[PDB]
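>>> quick check, what structure comes out for this input:
(9 chains, ligands or ions: 230)
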Amino acid sequence: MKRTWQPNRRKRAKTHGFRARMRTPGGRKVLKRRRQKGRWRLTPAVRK
Amino acid sequence: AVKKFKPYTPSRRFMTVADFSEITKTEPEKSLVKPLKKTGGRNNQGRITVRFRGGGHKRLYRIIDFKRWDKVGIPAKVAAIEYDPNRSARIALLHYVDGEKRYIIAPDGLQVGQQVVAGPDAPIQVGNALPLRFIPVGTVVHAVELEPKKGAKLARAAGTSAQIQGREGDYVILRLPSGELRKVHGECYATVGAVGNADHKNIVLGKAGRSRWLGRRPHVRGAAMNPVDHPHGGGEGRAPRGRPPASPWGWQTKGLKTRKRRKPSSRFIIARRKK
RNA sequence: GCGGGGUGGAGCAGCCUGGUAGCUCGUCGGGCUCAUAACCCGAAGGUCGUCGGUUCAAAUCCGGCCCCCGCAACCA
RNA sequence: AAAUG
RNA sequence: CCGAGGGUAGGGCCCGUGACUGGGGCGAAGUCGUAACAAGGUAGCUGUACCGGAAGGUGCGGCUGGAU
RNA sequence: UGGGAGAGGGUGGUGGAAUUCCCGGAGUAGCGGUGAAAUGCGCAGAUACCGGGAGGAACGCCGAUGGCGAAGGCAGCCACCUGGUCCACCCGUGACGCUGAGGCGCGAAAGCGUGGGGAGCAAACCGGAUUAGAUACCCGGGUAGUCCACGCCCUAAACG
RNA sequence: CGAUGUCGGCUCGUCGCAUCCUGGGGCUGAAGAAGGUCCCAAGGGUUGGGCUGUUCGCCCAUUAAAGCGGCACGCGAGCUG
RNA sequence: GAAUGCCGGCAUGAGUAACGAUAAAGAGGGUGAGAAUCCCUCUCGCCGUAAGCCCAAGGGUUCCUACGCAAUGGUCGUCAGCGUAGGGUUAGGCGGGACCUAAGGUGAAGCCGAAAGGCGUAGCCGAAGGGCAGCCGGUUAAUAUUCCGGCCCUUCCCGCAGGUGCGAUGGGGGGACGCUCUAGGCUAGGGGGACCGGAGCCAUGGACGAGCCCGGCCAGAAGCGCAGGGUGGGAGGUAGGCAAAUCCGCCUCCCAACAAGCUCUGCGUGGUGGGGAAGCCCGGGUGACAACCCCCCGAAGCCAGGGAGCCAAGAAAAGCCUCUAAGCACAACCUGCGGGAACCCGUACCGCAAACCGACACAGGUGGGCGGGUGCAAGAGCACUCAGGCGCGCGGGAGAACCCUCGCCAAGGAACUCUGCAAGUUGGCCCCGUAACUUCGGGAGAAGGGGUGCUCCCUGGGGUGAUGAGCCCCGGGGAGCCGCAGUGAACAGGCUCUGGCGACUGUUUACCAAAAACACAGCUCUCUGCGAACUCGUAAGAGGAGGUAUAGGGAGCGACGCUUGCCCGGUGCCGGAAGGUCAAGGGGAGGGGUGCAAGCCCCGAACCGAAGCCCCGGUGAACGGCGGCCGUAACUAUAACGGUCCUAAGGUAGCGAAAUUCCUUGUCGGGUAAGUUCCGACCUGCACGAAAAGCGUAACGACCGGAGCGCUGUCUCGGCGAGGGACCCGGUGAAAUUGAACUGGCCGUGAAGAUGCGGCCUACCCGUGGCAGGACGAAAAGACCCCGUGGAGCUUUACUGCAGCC
RNA sequence: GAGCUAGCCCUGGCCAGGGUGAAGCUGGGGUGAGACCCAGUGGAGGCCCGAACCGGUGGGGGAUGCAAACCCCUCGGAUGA
Ligand SMILES: [K+]
Ligand SMILES: [Mg+2]
Ligand SMILES: [Mg+2]
Ligand SMILES: [Mg+2]
Ligand SMILES: [Mg+2]
Ligand SMILES: [Mg+2]
Ligand SMILES: [Mg+2]
Ligand SMILES: [Mg+2]
Ligand SMILES: [Mg+2]
Ligand SMILES: [Mg+2]
Ligand SMILES: [Mg+2]
Ligand SMILES: [Mg+2]
Ligand SMILES: [Mg+2]
Ligand SMILES: [Mg+2]
Ligand SMILES: [Mg+2]
Ligand SMILES: [Mg+2]
Ligand SMILES: [Mg+2]
Ligand SMILES: [Mg+2]
Ligand SMILES: [Mg+2]
Ligand SMILES: [Mg+2]
Ligand SMILES: [Mg+2]
Ligand SMILES: [Mg+2]
Ligand SMILES: [Mg+2]
Ligand SMILES: [Mg+2]
Ligand SMILES: [Mg+2]
Ligand SMILES: [Mg+2]
Ligand SMILES: [Mg+2]
Ligand SMILES: [Mg+2]
Ligand SMILES: [Mg+2]
Ligand SMILES: [Mg+2]
Ligand SMILES: [Mg+2]
Ligand SMILES: [Mg+2]
Ligand SMILES: [Mg+2]
Ligand SMILES: [Mg+2]
Ligand SMILES: [Mg+2]
Ligand SMILES: [Mg+2]
Ligand SMILES: [Mg+2]
Ligand SMILES: [Mg+2]
Ligand SMILES: [Mg+2]
Ligand SMILES: [Mg+2]
Ligand SMILES: [Mg+2]
Ligand SMILES: [Mg+2]
Ligand SMILES: [Mg+2]
Ligand SMILES: [Mg+2]
Ligand SMILES: [Mg+2]
Ligand SMILES: [Mg+2]
Ligand SMILES: [Mg+2]
Ligand SMILES: [Mg+2]
Ligand SMILES: [Mg+2]
Ligand SMILES: [Mg+2]
Ligand SMILES: [Mg+2]
Ligand SMILES: [Mg+2]
Ligand SMILES: [Mg+2]
Ligand SMILES: [Mg+2]
Ligand SMILES: [Mg+2]
Ligand SMILES: [Mg+2]
Ligand SMILES: [Mg+2]
Ligand SMILES: [Mg+2]
Ligand SMILES: [Mg+2]
Ligand SMILES: [Mg+2]
Ligand SMILES: [Mg+2]
Ligand SMILES: [Mg+2]
Ligand SMILES: [Mg+2]
Ligand SMILES: [Mg+2]
Ligand SMILES: [Mg+2]
Ligand SMILES: [Mg+2]
Ligand SMILES: [Mg+2]
Ligand SMILES: [Mg+2]
Ligand SMILES: [Mg+2]
Ligand SMILES: [Mg+2]
Ligand SMILES: [Mg+2]
Ligand SMILES: [Mg+2]
Ligand SMILES: [Mg+2]
Ligand SMILES: [Mg+2]
Ligand SMILES: [Mg+2]
Ligand SMILES: [Mg+2]
Ligand SMILES: [Mg+2]
Ligand SMILES: [Mg+2]
Ligand SMILES: [Mg+2]
Ligand SMILES: [Mg+2]
Ligand SMILES: [Mg+2]
Ligand SMILES: [Mg+2]
Ligand SMILES: [Mg+2]
Ligand SMILES: [Mg+2]
Ligand SMILES: [Mg+2]
Ligand SMILES: [Mg+2]
Ligand SMILES: [Mg+2]
Ligand SMILES: [Mg+2]
Ligand SMILES: [Mg+2]
Ligand SMILES: [Mg+2]
Ligand SMILES: [Mg+2]
Ligand SMILES: [Mg+2]
Ligand SMILES: [Mg+2]
Ligand SMILES: [Mg+2]
Ligand SMILES: [Mg+2]
Ligand SMILES: [Mg+2]
Ligand SMILES: [Mg+2]
Ligand SMILES: [Mg+2]
Ligand SMILES: [Mg+2]
Ligand SMILES: [Mg+2]
Ligand SMILES: [Mg+2]
Ligand SMILES: [Mg+2]
Ligand SMILES: [Mg+2]
Ligand SMILES: [Mg+2]
Ligand SMILES: [Mg+2]
Ligand SMILES: [Mg+2]
Ligand SMILES: [Mg+2]
Ligand SMILES: [Mg+2]
Ligand SMILES: [Mg+2]
Ligand SMILES: [Mg+2]
Ligand SMILES: [Mg+2]
Ligand SMILES: [Mg+2]
Ligand SMILES: [Mg+2]
Ligand SMILES: [Mg+2]
Ligand SMILES: [Mg+2]
Ligand SMILES: [Mg+2]
Ligand SMILES: [Mg+2]
Ligand SMILES: [Mg+2]
Ligand SMILES: [Mg+2]
Ligand SMILES: [Mg+2]
Ligand SMILES: [Mg+2]
Ligand SMILES: [Mg+2]
Ligand SMILES: [Mg+2]
Ligand SMILES: [Mg+2]
Ligand SMILES: [Mg+2]
Ligand SMILES: [Mg+2]
Ligand SMILES: [Mg+2]
Ligand SMILES: [Mg+2]
Ligand SMILES: [Mg+2]
Ligand SMILES: [Mg+2]
Ligand SMILES: [Mg+2]
Ligand SMILES: [Mg+2]
Ligand SMILES: [Mg+2]
Ligand SMILES: [Mg+2]
Ligand SMILES: [Mg+2]
Ligand SMILES: [Mg+2]
Ligand SMILES: [Mg+2]
Ligand SMILES: [Mg+2]
Ligand SMILES: [Mg+2]
Ligand SMILES: [Mg+2]
Ligand SMILES: [Mg+2]
Ligand SMILES: [Mg+2]
Ligand SMILES: [Mg+2]
Ligand SMILES: [Mg+2]
Ligand SMILES: [Mg+2]
Ligand SMILES: [Mg+2]
Ligand SMILES: [Mg+2]
Ligand SMILES: [Mg+2]
Ligand SMILES: [Mg+2]
Ligand SMILES: [Mg+2]
Ligand SMILES: [Mg+2]
Ligand SMILES: [Mg+2]
Ligand SMILES: [Mg+2]
Ligand SMILES: [Mg+2]
Ligand SMILES: [Mg+2]
Ligand SMILES: [Mg+2]
Ligand SMILES: [Mg+2]
Ligand SMILES: [Mg+2]
Ligand SMILES: [Mg+2]
Ligand SMILES: [Mg+2]
Ligand SMILES: [Mg+2]
Ligand SMILES: [Mg+2]
Ligand SMILES: [Mg+2]
Ligand SMILES: [Mg+2]
Ligand SMILES: [Mg+2]
Ligand SMILES: [Mg+2]
Ligand SMILES: [Mg+2]
Ligand SMILES: [Mg+2]
Ligand SMILES: [Mg+2]
Ligand SMILES: [Mg+2]
Ligand SMILES: [Mg+2]
Ligand SMILES: [Mg+2]
Ligand SMILES: [Mg+2]
Ligand SMILES: [Mg+2]
Ligand SMILES: [Mg+2]
Ligand SMILES: [Mg+2]
Ligand SMILES: [Mg+2]
Ligand SMILES: [Mg+2]
Ligand SMILES: [Mg+2]
Ligand SMILES: [Mg+2]
Ligand SMILES: [Mg+2]
Ligand SMILES: [Mg+2]
Ligand SMILES: [Mg+2]
Ligand SMILES: [Mg+2]
Ligand SMILES: [Mg+2]
Ligand SMILES: [Mg+2]
Ligand SMILES: [Mg+2]
Ligand SMILES: [Mg+2]
Ligand SMILES: [Mg+2]
Ligand SMILES: [Mg+2]
Ligand SMILES: [Mg+2]
Ligand SMILES: [Mg+2]
Ligand SMILES: [Mg+2]
Ligand SMILES: [Mg+2]
Ligand SMILES: [Mg+2]
Ligand SMILES: [Mg+2]
Ligand SMILES: [Mg+2]
Ligand SMILES: [Mg+2]
Ligand SMILES: [Mg+2]
Ligand SMILES: [Mg+2]
Ligand SMILES: [Mg+2]
Ligand SMILES: [Mg+2]
Ligand SMILES: [Mg+2]
Ligand SMILES: [Mg+2]
Ligand SMILES: [Mg+2]
Ligand SMILES: [Mg+2]
Ligand SMILES: [Mg+2]
Ligand SMILES: [Mg+2]
Ligand SMILES: [Mg+2]
Ligand SMILES: [Mg+2]
Ligand SMILES: [Mg+2]
Ligand SMILES: [Mg+2]
Ligand SMILES: [Mg+2]
Ligand SMILES: [Mg+2]
Ligand SMILES: [Mg+2]
Ligand SMILES: [Mg+2]
Ligand SMILES: [Mg+2]
Ligand SMILES: [Mg+2]
Ligand SMILES: [Mg+2]
Ligand SMILES: [Mg+2]
Ligand SMILES: [Mg+2]
Ligand SMILES: [Mg+2]
Ligand SMILES: [Mg+2]
Ligand SMILES: [Mg+2]
Ligand SMILES: [Mg+2]
Ligand SMILES: [Mg+2]
Ligand SMILES: [Mg+2]
Ligand SMILES: [Mg+2]
Ligand SMILES: [Mg+2]
Ligand SMILES: [Mg+2]
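Numbering: from 1, shown residues only, chains lettered A, B, ... in the order given. Ligands and ions are numbered 1, 2, ... in the order given. Take a look at the structure below.
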């Protein structure tokens, strides 16, 4: 049947993307937190 | 004069339609339409705040002239009578000798080709707008302002009207469509006549789909829900109310009054409504 | 198993608070009527389901037994 | 108020 | 080919019969009341409507085939 | 041709008396009701009286043994639309008449449908009385209905 | 109770005998025939259908007869549900 | 040494199940160390509204070539979407940006919130909508509307000429709109041709033929032609379109009116440039100077912003045109021509799938366009088949039980079973014919029957065209022929009678419930006078609604028909300027502490003092409720009638052993040979009953009962056959589970059901196909039950708070 | 976290073919005029049959599956909520 993952680059960038993160106290905390952890990628990669 | 159908489907048995015999023009005035932004019953938070709304026919909004004291003394001609999907009344297209074009809601008896006028000097004739103080006592009137220059607020639905009952100081006394007796200010404008399309009340929707065309989504009873949802929810099998019948939010709904006590307009209401 | 009840012939009070049995109807006698009903006047009829106890004294309070209503008998 | 044979 | 008829299927009229049910008729005498005939003790009758153990009652309108 | 009398019919408009309700005033111990009462209403200010307002229905005197219509039936007043009918003149057509199975239309009240309206009245219903009882008569209430529009019903002691 | 799946049916049987039939008997209020009753006997046999989920039961048509019980009210790592 | 412990390693089950759709294979020849599996040819089968082709999303080099086969590939591998390396994606016109707006998002002004932040008109962002200029062929191993060739076109800049009051973010027009049905003319696509072009072919009994087989076009500027869309011209007045306006709107006059004209599309033609089969010979070359024509069918596509009808009444903004404003009229704009200028990103490849979403090369899921031919009434259905693509990445044998999917069956025909569950039957079209009942539509495809192929003869109407020939589409009549059988294959209703429930079409528990549940038109109560009520939010602000009582919210009931009784004592809600109670506050009789004292400080009675409650009323389609005992009639029975107690009032109509009836399989009747179900009655209704509606109701239902006809392997009662497995051989090779095991029967015993104890009995060692009685077999720390002063959802006149409201 | 799912908002797209034959309109009859009746035309509808598409009724299979909901036969809707 139709499964849960239906990839869509525009949706991915708008929902989880860097600029969505910086727009919001919680999203800026995600970025600060993944930096402090040393994540190589702060945000999901998506091609555009 | 509502029209019936023959029982060639189950739903056509009782479905009725308007006769549409007063309409003379079947597309709106382009300079006077603007998009109606459908809401779905959702507010600026995105929340349903009025349940069971959505999914009706698309509609353009026809701008309506609820002031009319905008163009005192400038007569106009009734150029057409048109369908308006945003209200029960029909609307009338006015061609002012000014060259300006406006819409008004169409009173009963208004004829395409006649002339209308607004102002203190206007004849007491169907379709004319005067301040309440210049209309003779006893006249049936419609599209009545509720405060000076704030716009017609009363009696705008198909077939409705208000009747002037008497006067007292700067205020005249009106019987509203609800049967309430209110004091309205004398400088408030109104329009001689009753709103047309009085047969509107006698329309039988006929089937479920018709409500859906009107943006009316299926309403579901509290009694059919669970206790998480509604005071009437639950019970094994069917169940009576088991308490004072209540809204989804708990407040009583058979008889419990709800107008604010200390509301300033109380001084100007003489008698709560009838029946 | 839990609650209520049994008192003239019928249906009900009195029991809770021990000493005093009461109301309507019916029954009997007499009136009125030609007569009957209705109506009026007077009367009789209950030892209180039963046995046992407490008490100076028990329809009344406490037990046993009989009888009649009502409720319950669920997870299984 | 006043039924019946 | 037609064709007595036989067969299959679906209809129409009539008759008989049927748990039960509806009122009707008849059979002197029981139970309940007293609706009508006198102004029958609320004049009656009436078409209709609602009601009631029963006759009946009441409403609206009609008739005199109503007394005084 | 010229005249006439009439609640004949339909539409719209309009007048005053009264009942009820509401607001103001003035006022106090009862009002109402019956055979007599009670229910009911009233010191939370009723009834009775004065002023104002809203609304519905019916039209007093004239009025009669009267008039009109085929019948049912029709009554304040005004205007419009319209039917029937009698009279005089003796002018016109020249039997063009009478009746009428069917058919069609009209048809008190009650009743029914969809709206509206709702003062008074009032089946049902409730209460107070009476009574052996009183699902009645009498009393206090009171919903349909009575009123309007449209559409049905088609009955009668629709009788002279 | 860190699981022993529970009524009835179907399928497959197997055992007990307090024996439904068939075999052998005694007593009889056993004339014959047909029964009654008790004794011996478990080798075999012990039908099809209507109703109900039913087991049971009633009923229809037959039969030599239309037995009663146990096997985790036999049998769901065999089926049904 | 144990914790269903943790991490790791390795065992067992086992050479076992499986190797992923039953569309299918065989042989020859190549390559190579090795070949069922790679390459080539021939034969066979499968898809063909796809299993072919083209877009979009997503994926991200998977594309092409060379060289490889350790691992990946369910086997193999010389092959590959795998490993290494090299190569490959070319645009002014296609898509997106340098254009526009939609929901939404953001947001100068402004508003709000302890902080964080929440709003908000304009503006800005935002597309698969609007707008906008490229068609055909060739070429590469791999890209092409991109390169090349031909023929076209757009914008910007500069210039030249001609023209004009030029000029805008401002005004205005336009852009600009639904659903259904649909005209005319075209095109796409297709069928046929006795005509045109073509390498050839004559087989096996016949044909050298008007034979067979193949093909008979594509793009195109101006002009022209055909078919359509769009659009009135002039003048005068002018107060409206937030300045102005010659524009637009409004008024009057004159001409014009299915037209015409002007303008814009489509189609045809068109200089020109392209393509071009079978067959044969090694992707190529020849065919070829290829031919390129006639008739018919014909869209849902085009002309298009066409037409008609209908109600539910159907985006915006820019491009564009017009109008003027500052300004400027050496400018500036319009038109024609010329030169120049024209940026950024995507472009490979898969794309119904082995490359996307499902952990897999996974029988699942994935939006748009094309989707040929014949026949079957039609069609995108069905069978076959073209182009094109495939035989599904383990095979070879065997021909047991058993399983799956399938075929047939003597006699019977539901006897099967909870149930005709399942499977038969029926089945398309044309004609004849069709009942109760009904809301007059329907019920209806009711039921039931007949016809159906092929040949010849005769003939009626229509389209194209010409009025004819031909072609094409509907039919009509007569005479015949063959078979068991003519919708000869494939696709395609079993029917009737009768109850229950729900009016109906709809909706639901994604993944055990599709229903009688939800919803539904309709009915009633109730709230709401507008800054409405109500809802969301601390607020601002929103929804309600740019709506206004014929409207909006809440609640119950649930088409329709005939109806919906009695109780207001309790609770609720509504009304009630009295009275009772009533907090803060006011008041301050009268007391107190302290100081020498003026004083400072405290307690404090009456009395005034909201809502709420008490109290008085109303109210049921408000919560709800609608009796008991005893007697009584021709000497039976029963009780119309009566007595008495209680209540706020004692269940009305209608219905009733019912989706409700305990006793119960009530009793009687019907149907059956037999009827716990069913249907019709009765009424002692354990425990119907009137909008948690009562009783009915045509039509409807994958709902739940009962019955009959038809027909059947459901059954008596089973038999045979088919294929895919199971079985054997070669390849690859799991799993839960497992204290260890050298693991028998009976009768006992034992923590009460023993392979493991006792006594007896039986028993050579080890496997393979099978069956499931046991190993209290496996799985899941029982979901029932209890326990825990464990948890959570839900309720209320439990307690205590809070929001909210007064 | 609404790339699954539920509702709504904006903007697009899709629904082979066949059947039934409402209103209206035209004509004819009818009548004082009417209603109304007949025929033709017309093309309505949460109408009918049936693909795509959307479903998920009954059964069988599957059950360490092809699949953590699938396959086959059958069946519901298919201009509309
Ligand atoms: K339980
Ligand atoms: Mg899904
Ligand atoms: Mg998605
Ligand atoms: Mg995207
Ligand atoms: Mg996208
Ligand atoms: Mg997105
Ligand atoms: Mg999205
Ligand atoms: Mg976001
Ligand atoms: Mg972002
Ligand atoms: Mg912050
Ligand atoms: Mg790094
Ligand atoms: Mg992140
Ligand atoms: Mg109708
Ligand atoms: Mg009709
Ligand atoms: Mg109209
Ligand atoms: Mg606009
Ligand atoms: Mg809005
Ligand atoms: Mg917003
Ligand atoms: Mg709401
Ligand atoms: Mg809503
Ligand atoms: Mg509205
Ligand atoms: Mg309107
Ligand atoms: Mg005012
Ligand atoms: Mg209405
Ligand atoms: Mg609408
Ligand atoms: Mg509902
Ligand atoms: Mg519920
Ligand atoms: Mg529920
Ligand atoms: Mg919730
Ligand atoms: Mg709660
Ligand atoms: Mg609750
Ligand atoms: Mg409840
Ligand atoms: Mg419930
Ligand atoms: Mg219940
Ligand atoms: Mg429930
Ligand atoms: Mg209750
Ligand atoms: Mg409540
Ligand atoms: Mg009011
Ligand atoms: Mg007493
Ligand atoms: Mg006492
Ligand atoms: Mg005493
Ligand atoms: Mg319990
Ligand atoms: Mg008297
Ligand atoms: Mg007597
Ligand atoms: Mg014969
Ligand atoms: Mg009498
Ligand atoms: Mg009398
Ligand atoms: Mg009397
Ligand atoms: Mg009475
Ligand atoms: Mg008093
Ligand atoms: Mg006083
Ligand atoms: Mg009034
Ligand atoms: Mg003469
Ligand atoms: Mg009448
Ligand atoms: Mg008395
Ligand atoms: Mg009524
Ligand atoms: Mg246990
Ligand atoms: Mg275990
Ligand atoms: Mg276990
Ligand atoms: Mg013998
Ligand atoms: Mg034996
Ligand atoms: Mg049985
Ligand atoms: Mg048992
Ligand atoms: Mg039994
Ligand atoms: Mg024998
Ligand atoms: Mg046994
Ligand atoms: Mg057991
Ligand atoms: Mg037992
Ligand atoms: Mg037992
Ligand atoms: Mg068992
Ligand atoms: Mg099982
Ligand atoms: Mg079992
Ligand atoms: Mg087991
Ligand atoms: Mg076992
Ligand atoms: Mg240890
Ligand atoms: Mg552990
Ligand atoms: Mg571990
Ligand atoms: Mg290691
Ligand atoms: Mg390990
Ligand atoms: Mg290992
Ligand atoms: Mg091994
Ligand atoms: Mg094994
Ligand atoms: Mg396996
Ligand atoms: Mg497998
Ligand atoms: Mg298959
Ligand atoms: Mg094979
Ligand atoms: Mg081979
Ligand atoms: Mg090699
Ligand atoms: Mg190989
Ligand atoms: Mg090899
Ligand atoms: Mg192979
Ligand atoms: Mg094809
Ligand atoms: Mg991938
Ligand atoms: Mg390898
Ligand atoms: Mg290898
Ligand atoms: Mg290597
Ligand atoms: Mg591998
Ligand atoms: Mg694999
Ligand atoms: Mg490449
Ligand atoms: Mg180019
Ligand atoms: Mg630029
Ligand atoms: Mg805050
Ligand atoms: Mg954006
Ligand atoms: Mg775009
Ligand atoms: Mg473009
Ligand atoms: Mg190259
Ligand atoms: Mg110019
Ligand atoms: Mg437009
Ligand atoms: Mg528009
Ligand atoms: Mg659009
Ligand atoms: Mg529409
Ligand atoms: Mg072309
Ligand atoms: Mg063709
Ligand atoms: Mg001007
Ligand atoms: Mg075009
Ligand atoms: Mg060639
Ligand atoms: Mg199309
Ligand atoms: Mg178009
Ligand atoms: Mg059009
Ligand atoms: Mg806009
Ligand atoms: Mg100059
Ligand atoms: Mg740039
Ligand atoms: Mg490319
Ligand atoms: Mg697929
Ligand atoms: Mg596709
Ligand atoms: Mg692929
Ligand atoms: Mg998976
Ligand atoms: Mg594969
Ligand atoms: Mg072809
Ligand atoms: Mg066909
Ligand atoms: Mg294969
Ligand atoms: Mg073998
Ligand atoms: Mg198969
Ligand atoms: Mg057979
Ligand atoms: Mg048979
Ligand atoms: Mg049969
Ligand atoms: Mg059967
Ligand atoms: Mg059955
Ligand atoms: Mg079943
Ligand atoms: Mg077939
Ligand atoms: Mg056939
Ligand atoms: Mg019949
Ligand atoms: Mg018929
Ligand atoms: Mg029938
Ligand atoms: Mg019927
Ligand atoms: Mg009919
Ligand atoms: Mg047939
Ligand atoms: Mg043949
Ligand atoms: Mg069919
Ligand atoms: Mg339902
Ligand atoms: Mg239903
Ligand atoms: Mg119904
Ligand atoms: Mg439907
Ligand atoms: Mg489910
Ligand atoms: Mg579930
Ligand atoms: Mg689930
Ligand atoms: Mg269903
Ligand atoms: Mg539901
Ligand atoms: Mg319904
Ligand atoms: Mg209704
Ligand atoms: Mg209503
Ligand atoms: Mg809130
Ligand atoms: Mg708004
Ligand atoms: Mg419902
Ligand atoms: Mg009926
Ligand atoms: Mg009450
Ligand atoms: Mg009350
Ligand atoms: Mg009260
Ligand atoms: Mg209660
Ligand atoms: Mg109560
Ligand atoms: Mg007696
Ligand atoms: Mg006797
Ligand atoms: Mg009644
Ligand atoms: Mg019964
Ligand atoms: Mg019943
Ligand atoms: Mg019951
Ligand atoms: Mg029973
Ligand atoms: Mg029972
Ligand atoms: Mg029985
Ligand atoms: Mg019988
Ligand atoms: Mg009985
Ligand atoms: Mg209720
Ligand atoms: Mg109920
Ligand atoms: Mg249904
Ligand atoms: Mg159903
Ligand atoms: Mg049957
Ligand atoms: Mg049968
Ligand atoms: Mg078989
Ligand atoms: Mg085989
Ligand atoms: Mg061997
Ligand atoms: Mg091997
Ligand atoms: Mg391997
Ligand atoms: Mg060991
Ligand atoms: Mg060992
Ligand atoms: Mg062993
Ligand atoms: Mg052994
Ligand atoms: Mg033991
Ligand atoms: Mg043992
Ligand atoms: Mg042993
Ligand atoms: Mg041992
Ligand atoms: Mg030992
Ligand atoms: Mg041993
Ligand atoms: Mg031993
Ligand atoms: Mg042994
Ligand atoms: Mg082996
Ligand atoms: Mg085996
Ligand atoms: Mg075993
Ligand atoms: Mg076992
Ligand atoms: Mg165990
Ligand atoms: Mg076991
Ligand atoms: Mg645990
Ligand atoms: Mg446990
Ligand atoms: Mg557990
Ligand atoms: Mg304990
Ligand atoms: Mg505790
Ligand atoms: Mg404890
Ligand atoms: Mg606890
Ligand atoms: Mg409130
Ligand atoms: Mg989603
Ligand atoms: Mg469709
Ligand atoms: Mg379409
Ligand atoms: Mg037909
Ligand atoms: Mg027709
Ligand atoms: Mg028309
Ligand atoms: Mg349909
Ligand atoms: Mg059909
Ligand atoms: Mg089946
Ligand atoms: Mg499963
Ligand atoms: Mg199928
Ligand atoms: Mg269908």
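
>>> can you give me the distance of residue B:126 to residue B:82?
Using Cβ to Cβ, to the nearest Å, residue B:126 is found at 18 Å from residue B:82. Every residue, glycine included, has its C-beta placed from N, CA and C.

>>> how about the nearest residue to the residue nearest the centre of chain A, chain neighbours excluded?
What sits nearest the mean C-alpha location of chain A, by Cα atoms, centre = their mean, is residue A:16, with 2.7 Å. The spatial neighbour of residue A:16 that comes closest, neighbours along the chain excluded (Cβ to Cβ, 6 or more residues apart in numbering or on different chains), is residue A:44 at 4.8 Å.

>>> for residue B:184, same thing?
Counting by Cβ to Cβ, 6+ apart, the residue nearest residue B:184 is residue B:174, at 5.3 Å.

>>> quick one: name the residues of chain A near ligand 4.
A:8, A:9, A:10 (Cβ under 5 Å from the ion).

>>> is RNA strand F within reach of stretch B:189-208?
Yes - Stretch B:189-208 reaches RNA strand F (Cβ under 7 Å from any atom of the strand) through B:201, B:202.

>>> what residues of that stretch count as buried?
B:189-198, B:200, B:203, B:206 (16 or more other Cβ atoms under 10 Å in any protein chain shown).

>>> again with stretch B:118-134
In stretch B:118-134, counting by 16+ other Cβ under 10 Å, buried: B:118, B:119, B:122, B:126, B:127, B:128, B:129, B:130, B:131, B:132, B:134.

>>> what about that stretch, how long is it end to end?
Across stretch B:118-134, the terminal residues are separated by 12 Å (Cα to Cα, to the nearest Å).

>>> quick one: the strands in the stretch 1-150 of chain B?
Assigned by DSSP state E, counting those that start in this stretch, the stretch 1-150 of chain B shows strands spanning B:3-4, B:16-17, B:33-35, B:60-62, B:76-82, B:91-96, B:101-105, B:115-116, B:129-131, B:140-142, B:144-145.

>>> list the helices and strands the third one packs on?
Spelled out, it's strand B:33-35. Contact here means 3 or more Cβ pairs under 8 Å, 6 or more residues apart in numbering or on different chains; DSSP states H and E; on that basis strand B:33-35 packs against strand B:60-62.
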